[PDB]
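Working notes, beginning with the structure itself.
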Amino acid sequence: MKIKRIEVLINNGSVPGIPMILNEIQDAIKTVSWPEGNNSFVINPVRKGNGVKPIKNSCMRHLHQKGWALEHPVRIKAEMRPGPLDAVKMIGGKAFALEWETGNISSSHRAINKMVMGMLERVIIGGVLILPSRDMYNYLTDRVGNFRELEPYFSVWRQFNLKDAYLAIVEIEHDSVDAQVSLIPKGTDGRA
Amino acid sequence: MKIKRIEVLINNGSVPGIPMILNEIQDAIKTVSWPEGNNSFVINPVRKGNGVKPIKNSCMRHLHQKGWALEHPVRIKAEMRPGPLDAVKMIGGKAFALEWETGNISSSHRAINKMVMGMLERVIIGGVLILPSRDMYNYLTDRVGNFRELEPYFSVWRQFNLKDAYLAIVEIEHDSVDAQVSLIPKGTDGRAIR
DNA sequence: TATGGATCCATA
DNA sequence: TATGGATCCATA
Ligand SMILES: [Ca+2]
Ligand SMILES: [Ca+2]
Ligand SMILES: [Ca+2]
């Protein structure tokens with residue numbers, strides 16, 4: 001998978017291991033490919049024709065190899081029931097969270113909100129969210145969160161006084177297109 | 001429909017006209033009825049049994065009649081902008097925003113961020129978000145807006161340093177339940193068909 | 001029953 | 001055509 005850019009929203013104090021985990025995250029994103037077993041991410045360029053669920057898999061596997069916990073239950077407050085984060089690297093006391101978008105754009109707003117809640121409540125040191133470029137997004141499930149559509153709100157997450165916190169958005173994209181490769185399955189395929 | 005609770009999240013400096021705005025908003029919410037044409041909102045207490053689409057209708061209508069502008073753009077300077085606000089009133093050469101939420105619960109996070117963006121850029125003086133109680137939510141299409149699921153997030157929203165700002169959440173609810181009223185029809189969005 | 005999705009519908 | 005909305009899903 002290509003990384004087009006990374007927008008660093010918050011980067012206060014010293015996290016460490018930081019570059020070590022940002023190097024891990026990037027190496028992990030780089031392993032993601034299509035079809036399975038290919039050496040790059042080749043997508044079938046059908047408008048809205050590719051599901052988004054399994055795209056992350058190879059990235060989450062590579063992180064596990066590097067000692068991240070996957071689908072890791074978290075409960076930031078007490079008055080919340082727990083929910084899963086895609087991967088987490090425990091760097092002592094607090095959590096470094098990675099997320100790879102599989103929800104509506106509106107649900108991206110909540111993920112960053114929950115990350116910032118984690119940071120403010122002292123349970124999360126850093127958070128990273130991976131979003132499709134608009135170009136990649138055009139071939140994905142209608143209205144999946146995507147980098148361009150969230151971009152107008154970035155100022156919002158720049159307004160916090162957080163000692164020792166890292167918040168970044170990563171923009172990803174397919175390496176190339178090919179009308180002859182398989183569609184990434186959707187949950188609606190064959191009745192479902 | 002009735003107003004169950006008003007929860008103020010941000011209150012800084014001076015924003016004139018809040019009690020008047022809050023009254024007009026209550027009056028708007030009061031107009032919302034079921035069955036359509038009724039003088040209250042009676043709901044069928046079937047779990048996830050009721051669609052949401054028509055519920056906003058009378059509220060947004062009452063607001064337009066009282067001078068609210070509907071789908072008012074967020075006039076931030078950048079070319080990359082959020083889309084429109086449900087309704088905006090001018091009070092004193094100042095824009096006041098109203099966001100109605102029967103969307104997915106996640107949609108409320110965008111609505112808040114949109115009104116905060118307007119306030120940061122000093123183009124909006126304040127806003128209110130209206131969304132259902134948990135109690136009503138139990139009878140609506142799954143995973144729509146509900147005040148309870150927003151609560152853990154109030155602490156995060158309270159941290160924005162904005163001079164001259166007002167943001168509040170109005171929790172709304174049906175008037176009663178009747179196991180014999182019509183169900184509110186559902187559309188075919190998302191995973192309804194398959 | 002609770003949460004974070006995945007997905008398709010409407011539309012100036 | 002882009003943005004806001006609505007509807008069940010899978011698994012905790
Ligand atoms: Ca996730
Ligand atoms: Ca709207
Ligand atoms: Ca709305």
Side-chain angles (χ1 to χ4, degrees), chain A residues 48-56 71-77 79-86 97 99-115 117 129 132 134 137-138 140-146 148-153 184-189 192, chain B residues 47-56 60 70-74 79-87 99-111 113-114 131-132 134-135 137-138 140-146 148-153 184-193:
Chain A
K48 293 148 180 24
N50 287 288
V52 307
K53 191 167 154 57
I55 292 177
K56 73 183 85 185
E71 301 184 299
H72 182 260
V74 149
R75 194 210 290 261
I76 303 300
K77 284 204 176 174
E79 79 202 69
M80 313 174 69
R81 276 71 151 204
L85 280 153
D86 296 356
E99 269 291 333
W100 188 302
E101 190 63 70
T102 58
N104 193 263
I105 180 65
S106 67
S107 178
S108 315
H109 290 254
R110 166 181 58 204
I112 299 178
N113 282 173
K114 165 151 120 111
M115 271 170 195
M117 185 206 302
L129 178 58
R134 192 69 178 190
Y137 157 92
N138 282 320
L140 301 187
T141 300
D142 200 11
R143 321 293 297 110
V144 61
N146 59 92
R148 170 54 184 92
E149 191 171 352
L150 186 76
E151 197 165 353
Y153 295 90
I184 303 159
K186 282 178 177 183
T188 50
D189 286 347
Chain B
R47 184 172 277 139
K48 321 290 172 188
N50 294 281
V52 308
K53 195 189 209 200
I55 309 179
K56 73 183 80 53
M60 303 318 296
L70 308 163
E71 293 307 309
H72 186 99
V74 189
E79 269 189 299
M80 287 185 207
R81 299 198 277 261
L85 285 161
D86 288 320
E99 276 286 279
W100 169 285
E101 268 297 344
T102 49
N104 193 285
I105 177 64
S106 55
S107 180
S108 285
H109 295 248
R110 163 177 57 208
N113 282 157
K114 171 177 295 172
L131 89 174
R134 194 72 181 187
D135 276 358
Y137 159 104
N138 291 145
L140 306 181
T141 122
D142 205 15
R143 309 310 286 111
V144 304
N146 67 98
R148 193 194 89 174
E149 194 167 351
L150 281 198
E151 286 182 80
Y153 292 94
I184 309 184
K186 296 187 162 168
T188 63
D189 304 62
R191 305 295 307 266
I193 301 284

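We name chains A, B, ... by the order of the sequence lines, and we start the count at 1 in each one. Both backbone and side-chain heavy atoms feed into the values below; hydrogens, waters and symmetry mates do not.
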Which part of the nucleic acid, if any, lies within reach of [X] when heavy atoms closer than 4.0 Å are counted: base, sugar-phosphate only, or nothing?
X        : result
B:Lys48  : nothing
A:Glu99  : sugar-phosphate
A:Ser106 : nothing
B:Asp86  : sugar-phosphate

Could you tell me how far apart [X] ([atom1]) and [N] ([atom2]) are, to the nearest whole angstrom?
X        : N      : atom1 : atom2 : result
A:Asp142 : C:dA6  : CG    : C1'   : 11 Å
B:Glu101 : D:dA6  : CD    : P     : 8 Å
B:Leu140 : D:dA6  : CG    : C1'   : 12 Å
A:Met117 : C:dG4  : CE    : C1'   : 13 Å
B:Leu85  : D:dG5  : CG    : P     : 10 Å
B:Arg81  : D:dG4  : CZ    : P     : 13 Å
A:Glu79  : C:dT3  : CD    : P     : 10 Å
B:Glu71  : C:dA12 : CD    : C1'   : 11 Å

Can you find a side chain N or O atom of [X] that sits less than 4.0 Å from OP1 or OP2 on [N]?
X        : N      : value
A:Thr188 : C:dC8  : yes
A:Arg75  : D:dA12 : no
A:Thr141 : C:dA6  : no
B:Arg143 : D:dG5  : no
A:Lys186 : C:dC8  : yes
A:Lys53  : D:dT11 : no

Please round to the nearest 0.5 Å and tell me the distance separating atom CZ of B:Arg110 and atom CD of A:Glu149.
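With rounding to 0.5 Å, CZ (B:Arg110) is 7.0 Å from CD (A:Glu149).
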With rounding to the nearest 0.5 Å, note down the distance linking NZ in B:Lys48 to OH in B:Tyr137.
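Going from NZ on B:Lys48 over to OH on B:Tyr137, the span is 3.5 Å.
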Contact summary for A:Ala192 and A:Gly187, nearest pair of heavy atoms
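The answer is CB-O, 2.7 Å.
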For the student: nearest non-hydrogen atoms of A:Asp189 and A:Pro185, plus distance:
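Nearest pair, atom of A:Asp189 first, then A:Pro185: OD2-CA, 3.6 Å.
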Could you please name the option among [options] that lies closest to any side-chain atom of [X]?
X        : options              : result
B:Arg148 : C:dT3, C:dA10, C:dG5 : C:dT3
A:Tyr153 : D:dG4, C:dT3, C:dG4  : D:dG4
A:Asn104 : C:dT7, C:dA2, D:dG4  : C:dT7
A:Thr102 : D:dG5, C:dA6, C:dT3  : C:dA6

Pick the closest DNA chain D nucleotide for A:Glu149 and for B:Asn50 by heavy atoms, then say which residue is nearer the 5' end.
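Closer to the 5' end of DNA chain D: A:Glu149.
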Return the 5'-most residue of the pair B:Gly103, A:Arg134 with respect to DNA chain D, ranking by each residue's nearest nucleotide.
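Residue closer to the 5' terminus by nearest nucleotide: A:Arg134.
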Is it the case that the base of D:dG5 and the side chain of B:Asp189 share a donor-acceptor contact (distance under 3.5 Å, atom types as modelled)?
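Present.
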I want to confirm an ordering. Mapping B:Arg47 and A:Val144 to their closest nucleotides on DNA chain C, which one lands closer to the 5' end?
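Going by which nucleotide is closer to the 5' end, it is B:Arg47.
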Where each residue is assigned the nucleotide of DNA chain C containing its nearest heavy atom, which of A:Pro82 and A:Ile105 is assigned the position nearer the 5′ end?
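Closer to the 5' end of DNA chain C: A:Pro82.
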Do the non-hydrogen side-chain atoms of B:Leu140 and B:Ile55 ever get within less than 4.5 Å of each other?
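B:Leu140 reaches B:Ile55 side chain to side chain.
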Are any of the side-chain heavy atoms of A:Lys114 and A:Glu99 separated by less than 4.5 Å?
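Counting from C-beta outward, A:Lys114 and A:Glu99 never come under 4.5 Å.
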Look at atom CD of A:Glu79 and say whether more than 12 heavy atoms of other residues, nucleotides or ligands are closer to it than 6.0 Å.
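It does: A:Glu79 CD has more than 12 such atoms within range.
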Using Watson-Crick pairs (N1 to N3, plus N6-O4 or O6-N4) and G-U wobble pairs, both distances under 3.5 Å, which stems of at least 3 pairs involve DNA chain C?
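Result, WC/G-U stems under 3.5 Å: C:1-11 with D:2-12.
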How would you list, by chain and number, every residue that makes a side chain to side chain contact (heavy atoms under 4.5 Å, CB included) with A:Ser108, sequence neighbours excluded?
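By the side chain to side chain contact (heavy atoms under 4.5 Å, CB included) rule, A:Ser108 matches A:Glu101, A:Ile105, A:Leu129, A:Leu131, A:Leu150.
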May I have the step-by-step check of side-chain hydrogen bond (donor to acceptor under 3.5 Å, both in side chains) for A:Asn104 and A:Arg143, ending in yes or no?
CA-CA 5 Å; A:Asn104 193 263; A:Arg143 321 293 297 110; 5.6 Å; no
